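A short write-up of the structure that comes next.
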Amino acid sequence: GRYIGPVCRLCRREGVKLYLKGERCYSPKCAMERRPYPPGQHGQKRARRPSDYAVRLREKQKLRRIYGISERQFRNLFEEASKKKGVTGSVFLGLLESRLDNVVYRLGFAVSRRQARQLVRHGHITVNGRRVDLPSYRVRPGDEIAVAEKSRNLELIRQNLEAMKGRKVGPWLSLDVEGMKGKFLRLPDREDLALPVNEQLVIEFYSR
Amino acid sequence: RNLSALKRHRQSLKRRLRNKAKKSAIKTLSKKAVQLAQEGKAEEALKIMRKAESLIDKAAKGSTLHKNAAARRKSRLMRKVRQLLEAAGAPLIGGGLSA
Amino acid sequence: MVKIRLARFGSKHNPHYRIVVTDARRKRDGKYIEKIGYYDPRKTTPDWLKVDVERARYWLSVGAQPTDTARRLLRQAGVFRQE
Amino acid sequence: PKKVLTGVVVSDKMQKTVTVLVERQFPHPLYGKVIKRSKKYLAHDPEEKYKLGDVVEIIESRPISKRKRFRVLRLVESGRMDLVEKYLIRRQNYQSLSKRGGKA
RNA sequence: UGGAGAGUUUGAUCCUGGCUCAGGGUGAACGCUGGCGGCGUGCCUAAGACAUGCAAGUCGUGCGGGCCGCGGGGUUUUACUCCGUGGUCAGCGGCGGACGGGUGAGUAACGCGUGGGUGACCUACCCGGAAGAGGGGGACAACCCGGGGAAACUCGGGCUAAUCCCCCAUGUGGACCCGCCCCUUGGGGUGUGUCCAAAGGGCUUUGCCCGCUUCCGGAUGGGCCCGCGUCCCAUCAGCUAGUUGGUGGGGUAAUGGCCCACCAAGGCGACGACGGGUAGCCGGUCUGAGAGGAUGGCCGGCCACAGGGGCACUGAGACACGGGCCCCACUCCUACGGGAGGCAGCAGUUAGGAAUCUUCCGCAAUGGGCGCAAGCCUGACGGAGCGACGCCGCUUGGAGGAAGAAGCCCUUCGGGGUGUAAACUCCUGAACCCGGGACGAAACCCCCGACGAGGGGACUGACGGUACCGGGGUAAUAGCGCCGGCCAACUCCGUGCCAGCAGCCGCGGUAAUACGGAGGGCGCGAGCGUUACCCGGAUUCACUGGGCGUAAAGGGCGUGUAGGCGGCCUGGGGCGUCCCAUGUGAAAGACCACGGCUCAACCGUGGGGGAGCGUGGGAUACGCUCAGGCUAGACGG
RNA sequence: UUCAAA
RNA sequence: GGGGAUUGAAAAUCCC
Ligand SMILES: [K+]
Ligand SMILES: [K+]
Ligand SMILES: [K+]
Ligand SMILES: [K+]
Ligand SMILES: [K+]
Ligand SMILES: [K+]
Ligand SMILES: [K+]
Ligand SMILES: [K+]
Ligand SMILES: [K+]
Ligand SMILES: [Mg+2]
Ligand SMILES: [Mg+2]
Ligand SMILES: [Mg+2]
Ligand SMILES: [Mg+2]
Ligand SMILES: [Mg+2]
Ligand SMILES: [Mg+2]
Ligand SMILES: [Mg+2]
Ligand SMILES: [Mg+2]
Ligand SMILES: [Mg+2]
Ligand SMILES: [Mg+2]
Ligand SMILES: [Mg+2]
Ligand SMILES: [Mg+2]
Ligand SMILES: [Mg+2]
Ligand SMILES: [Mg+2]
Ligand SMILES: [Mg+2]
Ligand SMILES: [Mg+2]
Ligand SMILES: [Mg+2]
Ligand SMILES: [Mg+2]
Ligand SMILES: [Mg+2]
Ligand SMILES: [Mg+2]
Ligand SMILES: [Mg+2]
Ligand SMILES: [Mg+2]
Ligand SMILES: [Mg+2]
Ligand SMILES: [Mg+2]
Ligand SMILES: [Mg+2]
Ligand SMILES: [Mg+2]
Ligand SMILES: [Mg+2]
Ligand SMILES: [Mg+2]
Ligand SMILES: [Mg+2]
Ligand SMILES: [Mg+2]
Ligand SMILES: [Mg+2]
Ligand SMILES: [Mg+2]
Ligand SMILES: [Mg+2]
Ligand SMILES: [Mg+2]
Ligand SMILES: [Mg+2]
Ligand SMILES: [Mg+2]
Ligand SMILES: [Mg+2]
Ligand SMILES: [Mg+2]
Ligand SMILES: [Mg+2]
Ligand SMILES: [Mg+2]
Ligand SMILES: [Mg+2]
Ligand SMILES: [Mg+2]
Ligand SMILES: [Mg+2]
Ligand SMILES: [Mg+2]
Ligand SMILES: [Mg+2]
Ligand SMILES: [Mg+2]
Ligand SMILES: [Mg+2]
Ligand SMILES: [Mg+2]
Ligand SMILES: [Mg+2]
Ligand SMILES: [Mg+2]
Ligand SMILES: [Mg+2]
Ligand SMILES: [Mg+2]
Ligand SMILES: [Mg+2]
Ligand SMILES: [Mg+2]
Ligand SMILES: [Mg+2]
Ligand SMILES: [Mg+2]
Ligand SMILES: [Mg+2]
Ligand SMILES: [Mg+2]
Ligand SMILES: [Mg+2]
Ligand SMILES: [Mg+2]
Ligand SMILES: [Mg+2]
Ligand SMILES: [Mg+2]
Ligand SMILES: [Mg+2]
Ligand SMILES: [Mg+2]
Ligand SMILES: [Mg+2]
Ligand SMILES: [Mg+2]
Ligand SMILES: [Mg+2]
Ligand SMILES: [Mg+2]
Ligand SMILES: [Mg+2]
Ligand SMILES: [Mg+2]
Ligand SMILES: [Mg+2]
Ligand SMILES: [Mg+2]
Ligand SMILES: [Mg+2]
Ligand SMILES: [Mg+2]
Ligand SMILES: [Mg+2]
Ligand SMILES: [Mg+2]
Ligand SMILES: [Mg+2]
Ligand SMILES: [Mg+2]
Ligand SMILES: [Mg+2]
Ligand SMILES: [Mg+2]
Ligand SMILES: [Mg+2]
Ligand SMILES: [Mg+2]
Ligand SMILES: [Mg+2]
Ligand SMILES: [Mg+2]
Ligand SMILES: [Mg+2]
Ligand SMILES: [Mg+2]
Ligand SMILES: [Mg+2]
Ligand SMILES: [Mg+2]
Ligand SMILES: [Mg+2]
Ligand SMILES: [Mg+2]
Ligand SMILES: [Mg+2]
Ligand SMILES: [Mg+2]
Ligand SMILES: [Mg+2]
Ligand SMILES: [Mg+2]
Ligand SMILES: [Mg+2]
Ligand SMILES: [Mg+2]
Ligand SMILES: [Mg+2]
Ligand SMILES: [Mg+2]
Ligand SMILES: [Mg+2]
Ligand SMILES: [Mg+2]
Ligand SMILES: [Mg+2]
Ligand SMILES: [Mg+2]
Ligand SMILES: [Zn+2]
């Protein structure tokens, strides 16, 4: 089961703020806000020049932790990326960005990814009409991701979909806040995203 | 126990005896004919050869000899008799051989 | 004799047959002489039945004896339709 | 097609049969170098025609005996014991390597 | 799209060099742990032994009959006897038991792989074409009557039907011997002579169905032969007498020392014969930048085997796993005379082992045997079951939540950790309950039509009340291994060269980040570690891609056999080499692209991808070969 | 003498 | 068999 445990601690081990909570991570409290040092009894102690390896490990752990995906699944995507034509780095990101659970989150249907995930597992999500509770489901270009008719009235749904009014969204995505529909226009360009991650090191980590 | 396909075995035994006997005849007459010719007795040597030919062919009607096995026998027979008769013979009965 | 029958491909609870020409004596999914079509029982695709009728007509012309089901499918593709 | 091989007669010591040495050439599967390699076929010569030293063609045939599965198709080049000599010598060197040895 | 290196010899250095680690794999096993599902997969050892059940039969539309039953007749009645019909039994006859299923023991071999040859051959059922089926005669079992055995079963006598056997015809036509044109190994045609055919059954009965016979083809499956390829040891040199070949026979579907009788002395080997060891081969699988290396479980192809040895009979086919005979070992009957048996079929037992599943459900589907058909048989197979054994998908919550409880840990005693983690608030709703509820299955068959095409109609679901759908709805498993360097992760205490750790280098003899515990941390997560094994890193056997003065390594030197290698010019050939076409290169797998299960795993469809080998053309620089020249190598005076 | 100490 | 002396801790050596 995708991690599930103290999360605003991973932010602390990566020395960078990851959004694994949506809000709370915006209001002075993602911990990174005054307490940016690693978790644990030695968190405040001076760090030692990390090994080329350490650097590469933490980088992958960053990107991977951002999407709350497992090593098993993360690796399988990367291997797929390698094989495919074109720059593995971007292509990899493109694939991570195509996970239904992620897209749900991108469209704002949920505040964080872990929430977006649950929304999927519980059928509150629809792809071209049909229900789909597979958070790893790969959204293709042209697919319409909406909210289940029966779920459109849920308290949590309104709140999030409300806050989405006026809010802009991914240049590769499009949100019709009305009927609570969204459309995966195209695979995001590396230029499209802006994750605190140097995918180049990630490729290197697996090249070892 | 008990597999009524014992019938195949008790049937093979009858077929075996039936074949065995047909062949024995063929041999006995073949040798007989080769012998008569080997002695220059042309007329009856063919007379016997002619039966042998017949027994061989009929033997091939069913699954005793069958095939080209028949051909082989007839050949090797008409072969020896025509040759052995080269001792003045002169195909009297002119039966089997087409001089 | 040689036949035209279905060879089973696909997976569990997901059969996908192959209209094939083969010796009656060969194992069902063994080496066939020629593939002349395919058939999907659950018709999970609009294209669940195809049959190289020209070829089917060929083997029939030389002796291939079709399974009852094999014959059924061939008919659908108008193999014997002599209109 | 019935395989046809060219070789040298290195033995006429049998009745209606000749031994034919056939050389073959090919790149070594791993080291490249073109290497030679030979094999002797017992060919059928019913007319006791061909002799020691002739270069004949050999052709794939209906078995004549055990060993014999080739018939001499024709003569390519008569006389030339240089080849036979080579074979004979190589065979004589054998008399060497064992428990004793032969002169070089 | 295709190549990463690190630790360890010294006081230090460079080099040589081995060992070791990081990565992929696996039919795994073992430890701790363990929630759900799909698809796969599961005796690697004793090819040890096996209780029990099931795993091959079908046909009454080939034939006669026995037993139990019912009905109708011939008689004035009974007895006796005739016909019809139901159930059942096995016979005779046919087709199938040579497929399907299992396992590799054996096998270094034409076994397998690949490409070819057969003028040296076979092929049941199926398809097309040509021509046929006139007459006679016969037997054996059922059954009946005796005899011999404990039994298994046997011996004799008598009766009888066939699509059983035989004789005579007809000979389309075919076979054989000679001849002869033609062609070319035994291919094809032709003439005389000789020889060779058959089966009957059904009926919706003068016509159709199912069959029979002889030929020529097709299609399918094969046999035999050949070129090339296929492991380790040369501390295995020589091997060989049916041995090598010939002539004539025998034998086979057919070639052949396959076998035999005679006659020759020959065959094989350092390009590894013979001997020994090991091993089923392949598509492919794992690994690798590649070249390679390793492997051959599952699925597909071929081969071999069926307790261990031999043999044949029957048949289109076997020298036959659930057929037969004999020898051996073993088990079990036994009246000790003599008998019965063979799970490497499914499931299961037992043994061995670190270790491997259910004595399950169904013939609904696909496929197979027999049948005109209805159908019957099918442990093939389609499913379910068990095992984290593997892969893929899922869950054990989501959002809010303190300048931050308690507890435990640490402390410079100020404070710092675990930690938004918890509590708690609010959402959602695995499980579970209720309702609906599949696809897979439309043929065979029947009716119309013409048993055709074509139309209509009907019967069938093991899986499964499962999947999926719709309601209702609970906050609801987390482990395991690491933290001295390689190698991501550090502090206290306890132990002292003890107890112990340790892949390699090394830790521990009172301040141990290395032992054990705790707090904290890293990694991964229904799994995590360990052991074993394969490839990698390892250019560490170097083809790609290594070396030999002193590191391991130039033979003590010469002579010279085989072999390898060969100067300059011209010509022929075209073997190597190169180019073009063309055949072959099974399917699956792999790769790319779309698709189907909500995704994926899994699966389907389509698409390139060629190496190898065969054939046909072409080129001729280089290598090769044959000719002829040349002096600059070599040799000679 | 052993292991380890700059 | 410690328990001391010695040792960085041992082996050894001298003590009970
Ligand atoms: K035929
Ligand atoms: K011979
Ligand atoms: K291989
Ligand atoms: K019809
Ligand atoms: K202490
Ligand atoms: K410690
Ligand atoms: K290795
Ligand atoms: K030396
Ligand atoms: K030339
Ligand atoms: Mg790429
Ligand atoms: Mg039987
Ligand atoms: Mg029978
Ligand atoms: Mg006699
Ligand atoms: Mg001679
Ligand atoms: Mg011969
Ligand atoms: Mg060292
Ligand atoms: Mg080293
Ligand atoms: Mg040294
Ligand atoms: Mg040192
Ligand atoms: Mg020094
Ligand atoms: Mg357990
Ligand atoms: Mg399963
Ligand atoms: Mg086994
Ligand atoms: Mg059964
Ligand atoms: Mg009555
Ligand atoms: Mg009866
Ligand atoms: Mg019966
Ligand atoms: Mg089989
Ligand atoms: Mg195998
Ligand atoms: Mg051997
Ligand atoms: Mg072969
Ligand atoms: Mg072979
Ligand atoms: Mg070979
Ligand atoms: Mg071959
Ligand atoms: Mg071959
Ligand atoms: Mg071949
Ligand atoms: Mg008759
Ligand atoms: Mg009669
Ligand atoms: Mg009669
Ligand atoms: Mg009698
Ligand atoms: Mg009688
Ligand atoms: Mg008959
Ligand atoms: Mg005629
Ligand atoms: Mg000719
Ligand atoms: Mg007649
Ligand atoms: Mg020998
Ligand atoms: Mg002969
Ligand atoms: Mg012959
Ligand atoms: Mg022999
Ligand atoms: Mg030999
Ligand atoms: Mg050789
Ligand atoms: Mg020997
Ligand atoms: Mg050997
Ligand atoms: Mg073996
Ligand atoms: Mg084996
Ligand atoms: Mg390499
Ligand atoms: Mg191999
Ligand atoms: Mg296989
Ligand atoms: Mg055997
Ligand atoms: Mg056998
Ligand atoms: Mg045996
Ligand atoms: Mg056994
Ligand atoms: Mg036996
Ligand atoms: Mg038969
Ligand atoms: Mg026979
Ligand atoms: Mg056999
Ligand atoms: Mg047998
Ligand atoms: Mg067999
Ligand atoms: Mg069998
Ligand atoms: Mg058995
Ligand atoms: Mg045991
Ligand atoms: Mg099972
Ligand atoms: Mg069935
Ligand atoms: Mg069926
Ligand atoms: Mg009927
Ligand atoms: Mg049964
Ligand atoms: Mg099955
Ligand atoms: Mg297991
Ligand atoms: Mg929370
Ligand atoms: Mg509630
Ligand atoms: Mg259905
Ligand atoms: Mg039925
Ligand atoms: Mg009608
Ligand atoms: Mg529901
Ligand atoms: Mg529901
Ligand atoms: Mg509720
Ligand atoms: Mg570290
Ligand atoms: Mg201490
Ligand atoms: Mg350690
Ligand atoms: Mg999983
Ligand atoms: Mg690597
Ligand atoms: Mg190497
Ligand atoms: Mg080495
Ligand atoms: Mg080299
Ligand atoms: Mg070196
Ligand atoms: Mg030295
Ligand atoms: Mg040295
Ligand atoms: Mg020297
Ligand atoms: Mg030269
Ligand atoms: Mg030379
Ligand atoms: Mg030249
Ligand atoms: Mg050439
Ligand atoms: Mg090609
Ligand atoms: Mg292929
Ligand atoms: Mg899809
Ligand atoms: Mg394909
Ligand atoms: Mg030229
Ligand atoms: Mg060259
Ligand atoms: Mg001392
Ligand atoms: Mg020490
Ligand atoms: Mg000291
Ligand atoms: Zn955060």
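Here chain A follows Swiss-Prot, giving residues 2-209 in order.
According to its header, this structure was worked out by X-ray crystallography, 2.9 Å.
Note that Cβ sites are derived from N, Cα and C of the backbone, with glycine treated the same way.
Here's what Swiss-Prot has on this protein:
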BINDING   A:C9, A:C12, A:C26, A:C31  Zn(2+) binding site
DOMAIN    A:99-161  domain 'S4 RNA-binding'
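Listed in chain order, the residues near the Zn(2+) site other than A:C9, A:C12, A:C26, A:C31 are A:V8, A:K18, A:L19, A:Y20, A:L21, A:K22, A:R25, A:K30, A:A32, A:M33, A:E34, each with its Cβ within 8 Å of the site Cβ centroid. Cβ-based neighbour count (10 Å, all protein chains) for A:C9 (Zn(2+) binding site) stands at 19. Summary for the binding-site residues A:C12, A:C26, A:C31: the Cβ-based neighbour count within 10 Å is maximal at A:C12.
Mapped onto DSSP classes, the domain 'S4 RNA-binding' (A:99-161) shows 25 helix, 11 strand, 27 coil.
Look at A:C31 (Zn(2+) binding site): DSSP puts it in coil.
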